[PDB]
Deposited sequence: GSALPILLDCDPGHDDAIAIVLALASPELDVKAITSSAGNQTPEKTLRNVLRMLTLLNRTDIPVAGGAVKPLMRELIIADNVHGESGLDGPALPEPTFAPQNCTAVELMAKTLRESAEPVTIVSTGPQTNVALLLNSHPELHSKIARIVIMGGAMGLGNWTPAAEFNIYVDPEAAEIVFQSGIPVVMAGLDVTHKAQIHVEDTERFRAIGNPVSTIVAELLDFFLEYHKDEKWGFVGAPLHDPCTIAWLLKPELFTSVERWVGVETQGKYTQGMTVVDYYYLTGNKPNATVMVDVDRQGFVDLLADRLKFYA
């Protein structure tokens, strides 16, 4: 009855916190966690997935490392003391673990990818016969408005624009947590104190990860990646629009931009659910309430 999900990510503090949120939610059955490279080198992102799973006592979840660089371009949890990995990744690549999971699943699986789209694009292009086994792809990346890496582009998308465009043109429903929503999903100093007052080793780690992070004029720090998991858990916390998104791969000034046809100016059929607002307090409540799982 739980929703089967594949998590692909590049921890990264917010990826890490998204893993914590997912494993505290019995509505979700995390089938595997695979690592992309962007926030760090692929050796480090893999290591970080293994450390998080060690911390959270879920060494039963299969892990594989993915692509070592973006498709056509060149190419992490400081703060708290984290455990050394006590287990090994699977002897195969992220795409292979993803494909394997799809093949053997009896119902469609949800992909949540919160690093660059590199591994997800590879799976899509290399396994067209498994597209039917993918319910939807939930991403953290992009920005309808101003980017955070270049003027037009958010980092995840900018690191591998081609991979992202492959995802959005794939024919599989996409849900997009871009900067428009994640910038609203701020954790204020008081919130971080709330998480820390919960009083278990994990809520402590989450609070310290957050401590570390601390021209945009944010009141507190945005928490990007957990917005993907939070939307699956409580979509009613979010406002979203169904629109066409294209990713720029050629521009002189705009490589990696997510072009969102908000006012229907193109002929293009919508391919994405674009998150545009969140109930910030509700988002904090969800995170604070699920942290009680590690009591």
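A.B. asks: Give me the ranges of the deposited sequence that have no CA atoms here, in sequence order.
C.D. replies: Missing CA coords at 1, 77-86, 226-231.
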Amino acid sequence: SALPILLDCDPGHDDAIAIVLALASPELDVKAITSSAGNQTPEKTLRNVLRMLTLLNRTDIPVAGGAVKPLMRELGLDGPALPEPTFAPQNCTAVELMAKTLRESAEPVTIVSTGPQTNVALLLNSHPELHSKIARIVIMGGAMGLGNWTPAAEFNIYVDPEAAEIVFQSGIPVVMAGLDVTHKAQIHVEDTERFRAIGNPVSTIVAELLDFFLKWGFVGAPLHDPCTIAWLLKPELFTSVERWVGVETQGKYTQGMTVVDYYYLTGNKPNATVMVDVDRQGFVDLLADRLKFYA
From here on, numbers count along this sequence of modelled residues.
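A.B. asks: Out of 121-129 and 98-106, which stretch has the higher average CA B-factor listed in the record?
C.D. replies: The entry gives the higher C-alpha B-factor average to 98-106.
A.B. asks: Between 215-223 and 85-93, which has the higher average C-alpha B-factor in the PDB entry?
C.D. replies: On average, C-alpha B-factors are higher across 215-223.
A.B. asks: Where does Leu237 sit by CA temperature factor within its chain: lowest, middle or highest third?
C.D. replies: Top third by C-alpha B-factor.
A.B. asks: For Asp60, return the chain-relative third of its C-alpha B-factor as stated in the PDB record: lowest, middle or highest.
C.D. replies: Within its chain, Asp60 is a middle-third residue by C-alpha B-factor, going by the deposited values.
A.B. asks: When the deposited Cα B-factors of this chain's modelled residues are ordered and cut into thirds, is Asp277 in the lowest, the middle or the highest one?
C.D. replies: According to the entry, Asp277 has a C-alpha B-factor in the chain's highest third.
A.B. asks: Ranking the modelled residues of this chain by C-alpha B-factor as given in the entry, is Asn48 in the lowest, middle or highest third?
C.D. replies: For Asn48, the deposited C-alpha B-factor lands in the lowest third.
A.B. asks: By the recorded C-alpha temperature factor, relative to the other modelled residues in its chain, which third is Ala177 in?
C.D. replies: It belongs to the middle third of the chain when residues are ordered by C-alpha B-factor.
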